[PDB]
């Protein structure tokens, strides 16, 4: 019940023979916010595609929810119901319809009692802060609102894991902290595990319990962000108290 994903000695090579991930060991705790950090080309998408089964490891394995992944068609279908994906650009995920039609599209085809669809969708919209936009056309929303609609559409299925692909995209730093604090809050109320792929090492990690730094398809650092970015954190606190001394420490 500690780890929602354990990656054990995982290797991945593309079918052309390109070695993408090497001896990856990663233990992701249930009900924490974990981020996987690194610039492009580091292998974040390759890792995340293994998590939801679109790729299968060449060597080693992944335990999801304490159990091996079942790679049959049925097993993959089951695994993806447990795992919600929020895309970088919400346009890639949203329908042109009202916020309520889009978000409720998911429940509507699972044959639930209507009043259970009602609760699920309304709770989803409250939980993402977008009740007031229930009847607004998606095409009229800000990027930030759209992203909240994407998240809400995924909450409706009650996944166990929420995976966000670069959640800082299209957002100013205060935009970023808004979305991060929203995610920290929904975990408090839902117990959902949050996994983030990002290159942002400044804001995103202040909201994380755990962090993995990747380079050329290997983990090279890991742990509590307070400890991993111990030095950046000292600087941050200095700016907070003595604005000018902290810039001589960046000098």
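Numbering follows the first chain given and starts at 1.
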For 166-174 versus 143-151, entry-based mean Cα B-factors point to 166-174
Mean B factor on CA atoms, stretches 221-229 and 25-33, record says higher is 221-229
Among the modelled residues of its chain, the C-alpha B-factor of residue 134 falls in the third labelled highest
Split the chain's modelled residues into thirds by Cα B-factor; residue 72 lands in the lowest
Here the Cα B-factor of residue 160, set against its chain, lands in the third termed lowest
Residue 185: C-alpha B-factor third of its chain, per the entry, is the lowest
On the chain's distribution of Cα B-factors, residue 40 falls within the third called middle
